[PDB]
Amino acid sequence: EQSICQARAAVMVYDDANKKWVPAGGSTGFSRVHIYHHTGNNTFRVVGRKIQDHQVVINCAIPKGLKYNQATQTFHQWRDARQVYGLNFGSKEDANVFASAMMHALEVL
Ligand SMILES: CC(=O)N[C@@H](Cc1ccccc1Cl)C(=O)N1CCC[C@]12C=C[C@@H]1CC[C@@H](C(=O)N3CC[C@@H]4C=C[C@H]5CC[C@H](C(=O)O)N5C(=O)[C@H]43)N1C2=O
């Protein structure tokens with residue numbers, strides 16, 4: 001598996017019951033978020049690790065046809081059959097790096 005981008009973001013998951021964003025993995029803070037490319041079957045996953053303690057806070061597939069929503073220049077989100085994910089980027093450049101790679105992945109799936 002090959003990293004096609006690295007971006008700084010606080011990884012959030014939406015608490016449907018309480019209608020509130022909560023930190024992925026339970027601990028507030030920024031992570032290094034990759035998109036990893038598995039070339040063997042041309043699959044991509046979002047994998048993010050907290051800068052402080054290396055905890056994996058997100059590890060989710062990127063399916064063909066995903067709707068990736070750029071709500072703001074620093075807050076992007078998407079949904080799967082179970083959860084809603086949100087990335088609160090540390091900078092506009094980080095959001096741009098990540099969005100570029102996500103859009104690339106969705107084009108070649
Ligand atoms: C129908 C639907 O699911 N729509 C999604 C967006 C979306 C559109 C298209 C494809 C996928 C997605 Cl996830 C949607 O809007 N969702 C699902 C999570 C809850 C939310 C529905 C309503 C609210 C409106 C506010 C927005 C939201 O949560 N925002 C806007 C960007 C803003 C930026 C940062 C974060 C953290 C600070 C603040 C907060 O949560 O207090 N916040 C937000 O308020 C974020 N919201 C959402 O993101």
# chains A, B, ... in the order shown; residues from 1 in each chain; ligands from 1
>>> residues_around(residues="stretch 32-46 of chain A", least_positions_apart="5", cutoff="8 Å", atoms="only C-alpha atoms", output="ChimeraX atom specification")
/A:1-9,51,58-63,98,101-102,105,109
>>> residues_near_ligand(ligand="ligand 1", cutoff="9 Å", atoms="only C-alpha atoms and all ligand atoms", output="JSON, numbers by chain")
{"A": [12, 13, 14, 15, 16, 19, 20, 21, 22, 66, 67, 68, 69, 70, 71, 72, 74, 75, 76, 77, 78, 79, 80, 83, 84, 85, 86, 87, 88]}
>>> write_last_selection(atoms="C-alpha atoms", output="PDB file, in the first residue's frame")
ATOM      1  CA  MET A  12     -14.422  13.802  13.657  1.00  0.00           C
ATOM      2  CA  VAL A  13     -17.348  11.357  13.525  1.00  0.00           C
ATOM      3  CA  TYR A  14     -20.952  12.447  13.761  1.00  0.00           C
ATOM      4  CA  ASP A  15     -22.896  11.319  16.809  1.00  0.00           C
ATOM      5  CA  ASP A  16     -26.319  10.866  15.209  1.00  0.00           C
ATOM      6  CA  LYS A  19     -26.497  15.549  16.770  1.00  0.00           C
ATOM      7  CA  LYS A  20     -22.879  16.561  17.535  1.00  0.00           C
ATOM      8  CA  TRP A  21     -19.418  15.950  16.109  1.00  0.00           C
ATOM      9  CA  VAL A  22     -17.204  13.872  18.396  1.00  0.00           C
ATOM     10  CA  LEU A  66     -18.559   8.504  -2.942  1.00  0.00           C
ATOM     11  CA  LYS A  67     -19.907  12.031  -2.474  1.00  0.00           C
ATOM     12  CA  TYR A  68     -17.147  14.027  -0.864  1.00  0.00           C
ATOM     13  CA  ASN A  69     -18.519  17.299   0.447  1.00  0.00           C
ATOM     14  CA  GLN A  70     -16.252  20.331   0.772  1.00  0.00           C
ATOM     15  CA  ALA A  71     -18.483  22.145   3.236  1.00  0.00           C
ATOM     16  CA  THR A  72     -15.864  24.868   3.819  1.00  0.00           C
ATOM     17  CA  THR A  74     -11.122  23.693   5.966  1.00  0.00           C
ATOM     18  CA  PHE A  75     -13.949  21.247   6.811  1.00  0.00           C
ATOM     19  CA  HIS A  76     -14.739  18.315   4.499  1.00  0.00           C
ATOM     20  CA  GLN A  77     -17.063  15.383   5.131  1.00  0.00           C
ATOM     21  CA  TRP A  78     -18.419  12.173   3.692  1.00  0.00           C
ATOM     22  CA  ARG A  79     -20.743   9.326   4.639  1.00  0.00           C
ATOM     23  CA  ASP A  80     -20.688   5.550   4.579  1.00  0.00           C
ATOM     24  CA  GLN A  83     -21.028   6.727   9.940  1.00  0.00           C
ATOM     25  CA  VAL A  84     -20.500  10.310   8.852  1.00  0.00           C
ATOM     26  CA  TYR A  85     -16.857  11.417   8.890  1.00  0.00           C
ATOM     27  CA  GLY A  86     -15.500  14.932   9.036  1.00  0.00           C
ATOM     28  CA  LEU A  87     -11.999  16.317   8.648  1.00  0.00           C
ATOM     29  CA  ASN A  88     -11.274  19.675  10.281  1.00  0.00           C
TER      30      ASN A  88
END
>>> atom_distance(atom1="atom CA of residue A:26", atom2="atom CA of residue A:89")
17.6 Å
>>> select_by_dssp(residues="stretch 4-52 of chain A", states="strand (DSSP E)", output="JSON, numbers by chain")
{"A": [4, 5, 6, 7, 8, 9, 10, 11, 12, 13, 14, 15, 20, 21, 22, 23, 31, 32, 33, 34, 35, 36, 37, 38, 43, 44, 45, 46, 47, 48, 49, 50]}
>>> residues_around(residues="residue A:57", least_positions_apart="2", cutoff="8 Å", atoms="only C-alpha atoms", output="ChimeraX atom specification")
/A:11,24-25,47-50,55,59
>>> closest_residue(among="A:56, A:10, A:108, A:17", to="residue A:95", atoms="only C-alpha atoms")
A:10
>>> select_by_dssp(residues="chain A", states="helix (DSSP H, G or I)", output="ChimeraX atom specification")
/A:24-26,92-108
>>> closest_residue(among="A:65, A:90, A:82, A:99", to="residue A:29", atoms="only C-alpha atoms")
A:90
